[PDB]
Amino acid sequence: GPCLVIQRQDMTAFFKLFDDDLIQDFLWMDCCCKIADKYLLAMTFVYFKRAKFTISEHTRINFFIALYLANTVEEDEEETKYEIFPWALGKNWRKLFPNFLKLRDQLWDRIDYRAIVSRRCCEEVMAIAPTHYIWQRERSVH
């Protein structure tokens, strides 16, 4: 069976990513929730536990590569997901983006290429702490 026990310390370390001022500014930027909605943010945590990311591996760059992978898998509009590049690669992203994609494939390798995140799983990770503001990030127009 595809079971996994999620502990308090796993969700606490994941929510510490949103304590960074760069990350909170990035979520603010995405108003229409096109690239970083509740489901894509549910997906980024799922990828972290799948890759089995350690406390030291819970960095801002790792959050963006996992979110980009979630946008590669679930979002058909390829253009929208490119907004991730300047937030993790600075103001030289126009030539720094292929090395980010190499890391995205490296994470995809680390999760045994199992990048499909079901609705059931997303609703299950959301329910651990539904009071959190990142789950209050809903979409209306695809």
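Just count from 1 along the sequence shown to find any residue number.
Enquirer: Averaging CA B factors per stretch from the PDB record, which one is higher: 84-92 or 62-70?
Expert: The stretch with the larger mean CA B-factor is 84-92.
Enquirer: So 109-117 or 53-61, which one's hotter by mean CA B-factor in the entry?
Expert: The deposited B-factors put 53-61 ahead on the C-alpha mean.
Enquirer: Just grab whichever of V46, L40, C31, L103 has the top CA B-factor as deposited.
Expert: Reading the PDB entry, the winner on C-alpha B-factor is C31.
Enquirer: Would you check the entry's CA temperature factor for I134 and let me know if it's in the chain's lowest, middle or highest third?
Expert: Ranked within chain, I134 CA B lands in the middle tercile.
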